[PDB]
Amino acid sequence: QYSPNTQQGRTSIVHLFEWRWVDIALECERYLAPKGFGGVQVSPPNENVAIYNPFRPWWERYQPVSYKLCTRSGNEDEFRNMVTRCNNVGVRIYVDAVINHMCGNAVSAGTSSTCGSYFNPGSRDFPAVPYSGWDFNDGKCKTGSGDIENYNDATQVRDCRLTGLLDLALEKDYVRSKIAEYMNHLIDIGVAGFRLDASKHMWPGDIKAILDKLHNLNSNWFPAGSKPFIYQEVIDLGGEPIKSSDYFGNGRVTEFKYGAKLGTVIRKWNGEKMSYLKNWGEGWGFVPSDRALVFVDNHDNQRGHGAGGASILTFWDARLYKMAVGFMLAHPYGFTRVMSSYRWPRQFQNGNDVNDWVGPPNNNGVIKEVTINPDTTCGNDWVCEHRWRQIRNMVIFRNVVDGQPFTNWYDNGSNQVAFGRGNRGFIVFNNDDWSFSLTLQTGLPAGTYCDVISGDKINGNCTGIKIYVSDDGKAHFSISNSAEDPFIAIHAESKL
Ligand SMILES: C[C@H]1O[C@H](O[C@H]2[C@H](O)[C@@H](O)[C@@H](O[C@@H]3C(CO)=C[C@H](N[C@H]4[C@H](O)[C@@H](O)[C@@H](O[C@H]5[C@H](O)[C@@H](O)[C@H](O)O[C@@H]5CO)O[C@@H]4C)[C@H](O)[C@H]3O)O[C@@H]2CO)[C@H](O)[C@@H](O)[C@@H]1O
Ligand SMILES: [Ca+2]
Ligand SMILES: [Cl-]
């Protein structure tokens, strides 16, 4: 469950947050495939409750009503079509599996669901599955409120309601079977793996029990005996009875300390500086590289939800964000996930964004199509960070240097650092308040290389900065502290 199952030489996956299936299918063919993206993490494909107050928030999708593949992103056929077209071009699909709970115990009963299925939170009747009162942890939870009140209590974290969401009795074979049934339907359609939502709130053993019931990946696209890639969402900063290591047996785990610490460093807060990244990785107390799924920001924390806090870098802090994402993609630690967002009317009141609930771009609840502008950027309020030249080219940088060791590290003792990856790539950063201008050892073969951050190598020339590597691998780099992008990256495939 540790291998992502991506095509050889594809090292990253993108979270196309809240996108429609039909748009993801097109994106796979027109962009993801040709630009070397390994895969896509899609929003929960199963039916959820339609919440009208506030108006269709992004978070209604983490409140299941049934396992019917019918959401605002599309119906079953559209989902199947997407998986097929994507797989046919070598881009994998990873499904966000919401299996720890159903909806909020306080939502009104009826048919306010994306597929019209009837549900009754009050009586715990989810007839579409079906689940009944006998399938929840109500009798297990021992908190007054029936909700998680103490995170220092591991049993509470697992048997009580997270924020009031109806907690499933995952120790029951019937429940395990229903979930495995849903997951197997997805596996057969062709999905390569899953993001297990709220894994901290489930016992490692129940997760194991469900995984034992899964089929191998679809043999039309994957080698026989292929197991789905599993990455579990466990928010594990220090200080909790539940450790992320408790989940290594089931697959990889989200390393939330990664983006939290990288943000503090790039923002130069808490006395942190880029020269301290010389031993980045496990040296920073992170999980083994072979069990990590890393990212700068995710859908929850780029909003204030989840964990990370103010240090988290987002598309809103574009300049520092491109640098952080670039550092992530150049560094060999972990398996990288890139984020792709939509803009919302962020409105802070007392340090809180009162509009943090705002869902994807829509016309009376109907998600707007992703439009592509003449310059390849997206329209209709979709950010498309994955299309930003500096990010997409770094996604390619990672593919090119895959397998090469971290070498030729340089630092000025402050915020000017550089490092290479074998003889295949070299990157330089200037996050100090003065200009960088130095001749460095790159470990690369002599030649003219196009800087992939300022431009592209197009038909024998570069559209941006050109770097000249001498016979001894030395190259001069100049970066003004006032540069749009204070970092340069060159690799084996950007060489003229
Ligand atoms: C009934 C309630 O419905 C709505 O709740 C929504 C949340 O507001 C929203 O974040 C979104 O969240 C998703 C869910 C739910 O499926 C789980 C994931 N992230 C979780 C994480 O798994 C949890 O562990 C937790 O994290 C804790 C850490 O564990 C803890 O260590 C740290 O210190 O604190 C955090 C919490 O601050 O919460 C994370 C968000 C998914 O990734 C995430 O997308 O969906 C729910 C459901 O709609 C509504 O907003 C509430 O008001 C209602 O009470
Ligand atoms: Ca649980
Ligand atoms: Cl995540």
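Residues numbered from 1 in each chain as written, not as in the entry; some residues may be left out. Chains lettered and ligands numbered in written order. Heavy atoms only, no water. Residues with missing side-chain atoms left out of burial classes, pairs and counts.

- Its PDB header attributes the entry to X-ray crystallography and lists the resolution as 3.2 Å.

1. Things to note about the domain arrangement of the chain
How big an interface is tends to be reported as the loss of accessible area on association of its parts.
Logical step 1: Considered domain by domain, the chain is made up of domain 1 (2-403) and domain 2 (404-496).
Logical step 2: Of note, the centres of domain 1 and domain 2, computed from C-alpha atoms alone, are 33 Å apart.
Logical step 3: Contact residues are listed per partner, giving 28 residues for domain 1 and 36 residues for domain 2.
Logical step 4: Interface area for domain 1 against domain 2, summed over the two sides, is near 2,700 Å², with a carbon-plus-sulfur share of 60%.
Logical step 5: It is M274, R319 and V400 in domain 1 that bury the most area against domain 2; as a group they hold 21% of the surface buried on that side.
Logical step 6: The interface formed by domain 1 and domain 2 includes three salt bridges.
Logical step 7: Residue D433 pairs with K268 through a salt bridge whose shortest N-O separation is 3.9 Å. (Domains from an automatic or database assignment. Contact = heavy atoms within 4.5 Å. Buried area = accessible area lost by both parts, 1.4 Å probe. Salt bridge = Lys/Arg side-chain N within 4 Å of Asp/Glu carboxyl O.)

2. Description of the UniProt feature "disulfide bond" in the chain
Logical step 1: Checking the UniProt disulfide annotation for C378 and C384 gives a sulfur-sulfur distance of 2.0 Å, short enough (under 2.5 Å) to count the bond as formed.
Logical step 2: By relative accessible area, which is 11% here, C378 ends up buried.
Logical step 3: By relative accessible area, which is 2% here, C384 ends up buried. (Disulfide = S-S within 2.5 Å. UniProt positions renumbered as here; feature names shortened; annotations may be inferred. Buried < 20%, exposed > 50% of the residue type's maximum accessible area, 1.4 Å probe, protein only.)

3. Section: the coordination of the calcium ion (ligand 2)
Logical step 1: The protein atoms that coordinate the calcium ion (ligand 2) are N100 (OD1), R158 (O), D167 (OD), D167 (OD) and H201 (O), at distances of 2.4 to 2.6 Å.
Logical step 2: Spacing between the donor residues of the calcium ion (ligand 2) along the chain follows N-x57-R-x8-D-x33-H. One end of the pair, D167, is in strand β5 (residues 165-167); the other, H201, is in the loop between β6 (193-196) and α5 (204-211), and 34 residues separate them in sequence. An identical accessibility class is assigned to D167 and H201; each is buried. (Donors = N, O, S within 2.8 Å, 3.2 Å for Na, K, Ca; no water. Helix = DSSP H or I, 4+ residues; strand = E, 2+ residues; numbered from the N terminus.)

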